[PDB]
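Worksheet: the structure to be examined is printed underneath.
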Amino acid sequence: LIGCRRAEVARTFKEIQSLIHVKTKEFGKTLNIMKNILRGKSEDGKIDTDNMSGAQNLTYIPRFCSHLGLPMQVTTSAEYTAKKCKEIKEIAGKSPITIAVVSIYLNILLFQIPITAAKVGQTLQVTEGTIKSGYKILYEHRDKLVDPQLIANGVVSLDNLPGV
Amino acid sequence: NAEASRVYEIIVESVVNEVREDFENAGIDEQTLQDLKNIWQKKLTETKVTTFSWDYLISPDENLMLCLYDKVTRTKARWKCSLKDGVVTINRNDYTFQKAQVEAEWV
Amino acid sequence: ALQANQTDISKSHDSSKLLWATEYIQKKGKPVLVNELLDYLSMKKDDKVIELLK
Amino acid sequence: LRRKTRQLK
Amino acid sequence: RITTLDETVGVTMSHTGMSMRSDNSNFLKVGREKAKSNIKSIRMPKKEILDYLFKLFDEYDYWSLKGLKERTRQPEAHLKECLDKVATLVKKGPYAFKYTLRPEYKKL
Amino acid sequence: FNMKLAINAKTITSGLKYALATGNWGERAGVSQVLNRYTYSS
Amino acid sequence: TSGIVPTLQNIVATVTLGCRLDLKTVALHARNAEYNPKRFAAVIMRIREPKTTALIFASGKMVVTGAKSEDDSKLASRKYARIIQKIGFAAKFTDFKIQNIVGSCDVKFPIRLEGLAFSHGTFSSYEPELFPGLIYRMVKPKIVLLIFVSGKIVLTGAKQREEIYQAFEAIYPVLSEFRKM
Amino acid sequence: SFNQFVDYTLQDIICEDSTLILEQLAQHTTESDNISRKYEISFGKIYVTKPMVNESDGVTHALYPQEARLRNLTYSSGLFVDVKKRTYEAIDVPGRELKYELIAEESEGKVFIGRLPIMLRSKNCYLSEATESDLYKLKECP
Amino acid sequence: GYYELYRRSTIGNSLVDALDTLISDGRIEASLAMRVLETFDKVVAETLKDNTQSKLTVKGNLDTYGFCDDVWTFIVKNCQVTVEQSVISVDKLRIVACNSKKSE
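Residue numbers (the UniProt record's numbering), protein chains in the order written: chain A, 177 to 221, 224 to 342; chain B, 3 to 56, 228 to 232, 239 to 286; chain C, 111 to 164; chain D, 325 to 333; chain E, 251 to 358; chain F, 442 to 468, 476 to 490; chain G, 60 to 240; chain H, 50 to 157, 163 to 196; chain I, 5 to 88, 103 to 122.
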């Protein structure tokens, strides 16, 4: 996990747990301990940067979109929405996976790709209710979660997003 | 309660039918079965429980329920108990249940 | 509770009875007469364990 | 005792 | 001839390598099958288990360690003390690694 | 048991790539050569 | 500076009795007791007036928890010893030391956790995919503080009132520097 | 030669040792453990995708020969095989032949087994279906 | 083995009085009476498991709880008991329950 982060190709905890059979509690404690040891030798003997931040949700979007087979245009829109998604306090505290997954779902319906939420959450292993629940909060700030250029050009219109 | 009476009739019937084999082992006469059935039935109707066909330390009239518990948990002020196959006596009235749920708050 | 905790010497086997006697013997600075043993185990008459002990 | 793990063709 | 998958390459590769999806298969889950069974037990005091052992020895004269823990269902720590005090283990004999009652009490 | 780890796909990929990048056909020499592109006839 | 005094929520105290107790006897002779030797090697006891829980071990050690004040904890511990004494066992109050104090407070504004994890990378430890709250390990005083996006701060590790107050005062200036928006 | 190998030989090779059977003997230690288990993995049909490349970040997209040459990549396609997994168990009565029986555990599913390099202008290549105009678009010499 | 708690119920108490009364009369052996009690648990357990379907719930405030030897014991005060319909008010309710999984 640390090695992936340093290379800006980071993976999620669940993704690594798919191959290595380690429970979350043991995995979490070990990661913190190893980081401190690297920190200890870094000072006495760089190691961490902005990428070291746990969230780094911008890096997850391209890989998640590929699994769904979305076009590269959709992924670019998701990156902007995810980048601006951190301005909302009611969702900034959520896990980065959910923030990216919810952001991806918003763009999927924005471009009207025929993929139902039941599959989006199945591919990324996110509860379908969670994806729908996250969409509801984001629906209240759709104006601030859409790239101005895309709406200005006319490719996507805000009337294509249903409201609960 | 009709259900409580029906179960009670089954229980008494099972005891007398099943105890016959043991009684023959002890060599007791057949008439004793009728006496045991008669005396026991009068005791049930005598209690008048239901209609019948016939500090800090630890120190009928008291309501009591005897049953089995499947799983009991609590959340910091509350207790939840899952009970099944029990008989409860409240205010001289008897009831039977296949399942029961307890929702009490520990003040 | 302590009074009820005490277990009679009516054990399953005579060998188990000898264990309690020997365990009682080793915890004594000096040899103990039979009378002292009788106070320990709830049996007074001559026992096969006593003969086996010799 | 056997090897408790045998492969058959 | 071999079929060619026309679906998007990204979708076909979503079930490979480090994927968010978790395996739901129950194949060769040997650890899960047996690790599910686990339970502790409290030491039955010497006041009580002392009689249990001698009755156990009277049944059979060569009793293994693994069976003893199963039958007594007690921790091996204290269970060792009673076993060594009453019985002895023969390692070099044909019945190697099997506890047997000491000759002092067996010869009765 | 994890099928993703039981079957190591790198065995086939590395084996074929190594045998084709280099002449050695194991795990005969000079089997694979860099294609000549000096001229169309070559 | 802050203007808000954190409110204590849990006090974990350890007490000793110096005598051996029979948990089963206490469990059978106590109004509220739960002795399950299969799972744990102690009897769980609770009382209502202080709203506190006590863990009574067979070695005479007691662990009082849930007390909201030091004076209240002393009263609860004395009552716990009194309950044991009332049963019949020899129990006397002894050294009462508090091993942990838990407090809570709120700053009433959001915090950029990413910035804190970047600048103060040594003290901070941000793992949003595991716990949605950052972990701060203060060095002087040695106290662990949990900072959340919603502006709620949890203080744990202080052994006295002075230490917890000092930690909150020393973290407010750095905390305010990373206000979101 | 390559078309024949990709079309027919690949299926034939897998169909030689597609079956692996692991036998777990009785291991008689107690009467409560006398069941013998048999686990078998079987390889079914093989599937080949179009040429593709996986990048460091984990994004996978179709790779064309022109892009491969410039980036020092490998022009190869993925190999997938359907795997049928079954397990049989039986009661090992002493001194008798066993009758393995399906234990209602049969799972089926594509598993990656590596990348096969694809020769240019082959049936599996992108340029086989490309006309003269299409080749010009992809920056390839007719 | 089956639990002996049922002997404290009305049916169990009546049986004890019936058997004990006959014991005083000398028409039944003391050991024979014990055999009846052992079979009483079996028949009572068997019918309860298969010949009842009513469900009741109780809501109140706990006044005392305890656990020992796989036997819980709660005391709920000022609770309302509903069967299947009609609620019943109880000033003090004592609860005795045993483990659902029979100890062999």
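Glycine residues also receive a C-beta, built at the ideal position from the N, C-alpha and C atoms.
Query, Result
"The region 214 to 221 of chain G in contact with the region 144 to 162 of chain G per 3-pair CB rule at 8 Å", "yes"
"Strand pairing of residue 207/G, partner residues [DSSP]", "192/G"
"Cutoff 7 Å: residue 446/F Cβ touching any chain A Cβ", "yes"
"Nearest-angstrom beta carbon gap, residue 133/H and residue 91/H [assumed within contact, 8 Å]", "4 Å"
"Sequence-distant residues of its chain with Cβ nearer than 8 Å to residue 138/H (five each side left out)", "84, 85, 86, 87, 149, 150, 152"
"Residues that residue 185/G contacts on chain A, provided the C-beta gap is smaller than 8 Å", "231, 232, 233"
"Beta-ladder partner(s) of residue 107/I, from DSSP", "84/I"
"Interface residues of the region 269 to 301 of chain E facing chain H [CB-CB below 7 Å]", "275, 276, 277, 278"
"Cutoff 8 Å; reference residue 126/I; Cβ partners in own chain excluding five residues on either side", "Since the displayed chain I opens at 5 and closes at 122, residue 126/I lies outside it and no answer follows."
"Bounding residues of the alpha helix (DSSP H) (the contiguous stretch that carries residue 224/G)", "220 to 236"
"Proximity test, residue 106/G beta-carbon vs the ligand GTP heavy atom, cut-off 6 Å", "Here there are no bound small molecules, and the ligand GTP is not part of this structure."
"CA nearest to the CA of residue 229/B, picked from 180/G, 196/G, 153/G, 87/G", "87/G"
"As assigned by DSSP and simplified to three states, the class of residue 127/G", "coil"
"Pairwise C-alpha distance: residue 126/G and residue 20/I", "49 Å"
"Span of the alpha helix (DSSP H) around residue 313/A", "306 to 317"
"First through last residue of the beta strand (DSSP E) which encompasses residue 137/H", "125 to 140"
"Any chain D beta carbon closer than 7 Å to residue 138/H", "no"
"Whole alpha helix (DSSP H) elements within the region 111 to 140 of chain C, 4-residue minimum", "112 to 115, 124 to 136"
"Contact under 7 Å by Cβ, residue 183/G with residue 208/A", "no"
"Cα-Cα separation, residue 332/A to residue 250/A", "18 Å"
"CB contact check: residue 62/H to chain D, cutoff 7 Å", "no"
"Residues bridged to residue 85/H (per DSSP)", "139/H"
"Alpha-carbon spacing of residue 182/H relative to residue 461/F, whole angstroms", "22 Å"
"Length of the line joining the Cα atoms of residue 135/G and residue 72/G", "11 Å"
"Continuous alpha helix (DSSP H) stretch holding residue 38/I: start and end", "34 to 54"
"CB contact flag (residue 123/G, residue 113/G, <7 Å)", "yes"
"Chain-ordered residues of the region 289 to 301 of chain A with a beta carbon less than 9 Å from chain E", "300, 301"
"The region 261 to 270 of chain B / the region 49 to 68 of chain I touching (three or more Cβ pairs under 8 Å)", "yes"
"Beta-carbon proximity list for residue 264/A, same chain, < 6 Å, skipping 5 on both sides", "270"
"Residue 88/G: first and last residue of the uninterrupted alpha helix (DSSP H) it sits in", "82 to 88"
"Residue 58/I at chain B interface by Cβ criterion, 7 Å", "yes"
"Chain I residues whose Cβ lies nearer than 7 Å to that of residue 249/B", "118"
"Residues that residue 215/G bridges to, as DSSP identifies them", "161/G, 203/G"
"Chain A contact residues for residue 127/H, given Cβ-Cβ distances below 8 Å", "Neighbours of residue 127/H on chain A: none; closest Cβ ~14 Å, over 8 Å."
"Any C-beta of chain B under 7 Å from that of residue 238/G", "no"
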